[PDB]
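Asker: Protein chains in written order, with PDB author numbering: chain 7, 117 to 173; chain J, 1 to 37; chain X, 26 to 249; chain 8, 7 to 47; chain R, 1 to 74; chain S, 1 to 74; chain Q, 1 to 74; chain P, 1 to 75; chain O, 1 to 74; chain Z, 53 to 104.
Backbone N, C-alpha and C define an ideal beta-carbon position, used for all residues, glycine too.
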Amino acid sequence: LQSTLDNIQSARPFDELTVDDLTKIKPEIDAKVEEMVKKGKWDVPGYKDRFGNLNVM
Amino acid sequence: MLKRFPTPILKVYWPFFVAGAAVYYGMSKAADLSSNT
Amino acid sequence: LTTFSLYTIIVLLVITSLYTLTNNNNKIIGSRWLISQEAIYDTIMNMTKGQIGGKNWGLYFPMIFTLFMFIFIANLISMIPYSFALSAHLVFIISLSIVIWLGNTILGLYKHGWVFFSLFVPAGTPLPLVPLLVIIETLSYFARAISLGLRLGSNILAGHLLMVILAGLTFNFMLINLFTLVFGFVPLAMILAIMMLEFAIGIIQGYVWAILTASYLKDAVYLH
Amino acid sequence: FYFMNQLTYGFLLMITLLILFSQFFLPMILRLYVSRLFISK
Amino acid sequence: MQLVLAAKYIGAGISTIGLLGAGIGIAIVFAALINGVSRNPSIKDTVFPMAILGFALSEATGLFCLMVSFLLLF
Amino acid sequence: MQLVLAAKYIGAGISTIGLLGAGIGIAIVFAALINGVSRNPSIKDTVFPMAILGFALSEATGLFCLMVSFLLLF
Amino acid sequence: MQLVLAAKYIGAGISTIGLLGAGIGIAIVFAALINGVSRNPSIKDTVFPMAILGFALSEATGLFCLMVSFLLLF
Amino acid sequence: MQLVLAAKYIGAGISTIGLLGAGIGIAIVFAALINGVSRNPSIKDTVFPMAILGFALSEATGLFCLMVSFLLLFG
Amino acid sequence: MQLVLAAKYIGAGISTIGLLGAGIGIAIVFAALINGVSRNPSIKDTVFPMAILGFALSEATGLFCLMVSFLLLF
Amino acid sequence: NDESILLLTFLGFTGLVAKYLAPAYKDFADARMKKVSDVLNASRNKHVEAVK
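1) Using the C-alpha atoms, what's the distance from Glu144 (chain 7) back to residue 76 (chain 7)?
2) Starting from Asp82 (chain Z), trace the alpha helix (DSSP H) both ways and give me its first and last residue.
3) Just by C-beta distance, which residues in the stretch 53-67 of chain O are closer than 7 Å to chain P?
4) Closer than 8 Å by beta-carbon distance: list the chain X residues that pair up with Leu170 (chain 7), in chain order.
5) CA-CA distance, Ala239 (chain X) and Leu57 (chain P)?
6) Cutting at 6 Å between CB atoms, please list the residues of its own chain near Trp82 (chain X), excluding the five before and the five after it.
7) For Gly75 (chain P), count the other beta carbons within 10 Å of its own beta carbon; 16 or more makes it buried, fewer makes it exposed. Which is it?
8) Can you give me the Cβ contacts of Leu187 (chain X) inside the same chain, cut-off strictly under 7 Å, excluding the 5 residues immediately before and after it?
9) At 8 Å on the CB atoms, spell out the chain P contacts of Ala218 (chain X), in chain order.
10) Quick check: the stretch 29-40 of chain S against the stretch 36-44 of chain R, are there 3 or more CB pairs under 8 Å?
11) When you check each C-beta in the stretch 137-171 of chain X against every C-beta of chain S, which residues fall closer than 9 Å?
12) Would you mind stating whether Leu36 (chain 8) and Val149 (chain 7) have Cβ atoms separated by less than 8 Å?
13) Taking 8 Å as the threshold, find out whether the stretch 15-23 of chain S comes into contact with the stretch 49-65 of chain S through three or more Cβ pairs.
14) Let me know the secondary structure DSSP gives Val135 (chain 7) once reduced to three states.
15) Tell me which same chain residues have a C-beta within less than 6 Å of the C-beta of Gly54 (chain O), skipping the five on either side of it?
16) Thinking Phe109 (chain X) and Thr28 (chain X) are a contact (beta carbons under 8 Å), I'd like their distance in whole angstroms, please.
17) Select from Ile229 (chain X), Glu223 (chain X), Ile131 (chain X) and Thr150 (chain X) the residue whose C-alpha is nearest the C-alpha of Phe141 (chain X).
18) Please list, in chain order, the chain Q residues whose beta carbon lies closer than 7 Å to that of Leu33 (chain P).
19) Could you run through the stretch 44-56 of chain X and flag, in chain order, every residue whose CB is less than 9 Å away from some CB of chain Z?
20) Counting only C-beta atoms, is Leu73 (chain R) closer than 8 Å to chain S at any point?
21) State the Cα-Cα distance for the pair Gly149 (chain X) and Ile34 (chain S), rounded to the nearest angstrom.
22) For the stretch 220-240 of chain X and the stretch 174-181 of chain X, state whether three or more C-beta atom pairs, one from each stretch, are separated by less than 8 Å.
23) Please go through the same chain and pick out, in chain order, the residues whose beta-carbon is closer than 8 Å to the beta-carbon of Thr195 (chain X), but skip the five residues on each side of it.
24) Within 8 Å of any Cβ in chain X, is that where the Cβ of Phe48 (chain S) sits?
25) To test your reading of the DSSP string, which unbroken alpha helix (DSSP H) runs of 4 or more residues are found completely within the stretch 167-227 of chain X?
26) If you check the beta carbons only, do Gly25 (chain R) and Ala60 (chain S) fall under 8 Å apart?
27) Taking only the alpha-carbon atoms, compute the straight-line gap between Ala32 (chain Q) and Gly21 (chain O) and give it to the nearest angstrom.
28) In whole angstroms, give me the CA-to-CA distance for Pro49 (chain S) and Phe145 (chain X).
29) Pick out whichever of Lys3 (chain J), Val18 (chain J) and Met1 (chain J) has its Cα sitting closest to the Cα of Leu10 (chain J).
30) Thinking C-beta only, is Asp131 (chain 7) closer than 8 Å to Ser95 (chain Z)?
31) Below 8 Å between beta carbons: does that hold for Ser120 (chain X) and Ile171 (chain X)?
32) Are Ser61 (chain X) and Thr47 (chain X) touching if we call contact CB-CB under 8 Å?
33) Does chain P have any CB closer than 8 Å to the CB of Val4 (chain Q)?
34) Would you give the residue range spanned by the alpha helix (DSSP H) that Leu3 (chain R) belongs to?
35) So with Cβ pairs under 8 Å, would you call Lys3 (chain J) a contact of chain 7?
Following this line, the structure appears as C-alpha cells:
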C-alpha cells in the first residue's frame, strides 16, 4: 500500500489521461457501456452534480 | 474519442425513412408531369 | 451539380471542421470549440426531456439535433450581398416540412392506427361538436406543416433581397451627394442593423423549427 | 423540380451525422462523465 | 381578363389583412403565459402546451387568410 | 361577367377578414384561461371544457366568414 | 398590362398593411417579459427564451405578410 | 404609365402606416419599462438593454415599411 | 398626369394615417408615466427622461409618416 | 463599387465581432476548464486518501 501512495503521487494524469486508456485499465468501463444501450438505459444521470449542464443563458 | 459504442441508427428510425421512400416514388414523377422544359 | 448540391457539399465541409477535426486533448475540455456544440447539444438534450421526455425522448433525439444542425449551418453564411443562398428558391424547406409531417403521421398511424383519429377529440367536444373539431384539428395538421416550411424560406428570401434593395439605394446616395456627410453612412448603418437581424432571426428560427418539430413528435407518440 | 441528389442525399447526411455524433461524441461525453465518476470513487 | 386578374390581386391583398389579428392573438397568448409563469412558476410545465395550442389555432386563422389570398392569386 | 367575377373576388377577400376576429377572440379566451389557471391551479379541471368550446365556436365564427368568402369565390 | 400592374401594386400595399399586427405583437410579448421579470427577478432565465420565441413567431408572421406583398412586386 | 405611377404613389402611401405599429410597439415597450422600473427600481438595469432591443426591433419593422413605401415610390 | 397628381394627393392623405400611432403612443407612454410617478415619487427622476425619449421616438415615427406624405405633396 | 464597400463594412463588423468588448463566452469558457480541472484535482485525490 505504501508503493500505491508512491504510485499515485507521480502518476496523476488529471489533465492528460485517455478514456480509451480507462478502457484499457478496466474492461468493466468498456463492458458497462454496451449493455447500457441494449437494455434501454439511454439516459445517464450523475453529471449535473459535478459539472453544470452549461446552458446558454 | 471516436470509440464506436453502438446506438440506434436504423432500428427505430425506419418510419421516416420509409416515408421518404414513399415520397421519392412520386417525387420524381411530379417533375416529369410538370416538365415545362 | 446544381447550386443546391454544391452548397450542400460546402455545408458538410464546415460541419466536420468544428468538432471532428479537433479530437486531440482526450478530455471534455481543452478546446473552446468543444464547449460550443456541447452547449447546443445540452440545450437541445434537456429540451428533449422537457418536450419529448417520458418514454423515448432520447430515442428520437438525433433527428431534432440533425435538423437543427442543418438549419443552423444553412443560416450562418447567408448574409454576404452575393449570397445566392439556397438557390434563391428555398423549395426544399417546404419539402423538409412535407416529409417531416408525412413521416409524423405514418408513425402515428403505425403506433395508433385507428386510434390516431381519436387525437382530433382531446377531452370534450361531444357528438354535436365532433365534426367541427375534427375539421379544425385535421386541417390544422396540414396547416402548420406547410406554414413551417414557407415561413423560414420566405424570410431568408426576404432577408436576402432587403440586403440588395437597400444596397442599391446606398449606391445611389454615395454617387449623388458632393460635399455633405449624412447621406451614406446612415443607410450603411441600417445595412449593419438589418444584417444583424437576418443573422439573429436564422438562429432562433432554427430553434423555433427545432421546438416545433419536437412539438409534433409528442402528438404522434403521445395522444392527448 | 431537382430533387435526386439532395433529399435522398439529405437523409444520407442525417445518417452520417447520426454516426459521427451518436457513435463518436455521445460516447465521448458519456465517457468523460463516467471517467470522472470513477475518478471520485 | 385583365380586370379579373387585377381584382384577383387586390382580393389577395385584402385577404392578407386578416392575419394581423392572428399575430396579435399569438402575442397576447404568449404574454399571458409570461404573466402566469410570473405568478405561478411551478405551473409552467402544465400550462405551456395550451400556449402552443392557441398559437397553432391563431396561425390556422392566419393561414386561412393565406389560403384565400393564394387561391385568389393562383 | 368580368366585373361580376372581379367583385366576387374582392368580396371574398374582404370576407375572409373574420379570421382576424376569430384569432383575437380565441387568444383572449386563452389569455384569461392561463391567468386563471396560474392564479388558481385547482380550477383547471372545471375551467378547461367551456373554454375549449368557447374558443372553438369563436373560431367557427371566422369559419363562417371563410365560408362566405368561399361562396363568393364559387 | 397597365391595370394589372396597378392592382398588383395596390395589393402589395394592402398586404404590407399586415406588419402592424406583427410589430404590436412582438412589442406586447416583450412588455409581458418586462412586467414578469420586474415582479419576479428570479424568473428571467425561464421566461426570456419563451418571449424570444414568441417574438420570432410574430416576426415570421409579419414576414409572411411581407412575402405575400413581394409576390405582387417581382 | 400615368396610372402605373399613380398606383405606385397610393400603394406607397398606404404601406407607410407601418410606422404607426412601430410607434405603438415602442410606446408599449417603454410603458412596460416605466411600470417595471417604478414597481422594482432594482430590475431597471436588467430590463433596460432588453427594452432597447425591443425598441430596435419594432422601429426596424416600421422603418422597413418605410423602405417598402420608398421602393413603391422610386421603383 | 391628372391621375398622377390625384393619386399623389390620395397617397399623402392615406400616409398621414400614421399619426394615429404617434398620438396613441405618446398617450400610453404618458399614461404609464403617470402611473409610475403616482406609484412612488422617488422613481420620477429616473423614469421621466426615458419616457420623454419614448415620446420623441413615437413622434419620430409619426414624423416619418408626415415626411413621406410631404413627398407625396410636393 | 457598391459591392466592395459592403464587404469592407462587414469586415469592420467582423472586426467588431472579434472584440465583443471582452466577450462573455471567452470568460464563460475560461470558468469552465478551471472548474473541470479543479474537480479532477479533488476527485482523484478523494480516493487517494482512501488508501491513506
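Answerer: According to the structure data:
1) Residue numbering for chain 7 in the displayed model covers 117 to 173; residue 76 (chain 7) lies beyond these limits and cannot be assessed.
2) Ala76 to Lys98
3) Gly54, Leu57, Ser58, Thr61, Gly62, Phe64 and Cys65
4) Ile60, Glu63, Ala64 and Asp67
5) 27 Å
6) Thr73 and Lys74
7) exposed
8) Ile219
9) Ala56 and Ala60
10) yes
11) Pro147, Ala148, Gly149, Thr150, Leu154, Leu157, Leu158, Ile160 and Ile161
12) yes
13) yes
14) helix
15) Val29
16) 6 Å
17) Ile131 (chain X)
18) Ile34
19) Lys52, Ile53, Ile54 and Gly55
20) no
21) 19 Å
22) yes
23) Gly209, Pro212, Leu213 and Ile216
24) yes
25) none
26) no
27) 20 Å
28) 15 Å
29) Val18 (chain J)
30) no
31) no
32) no
33) no
34) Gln2 to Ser15
35) yes
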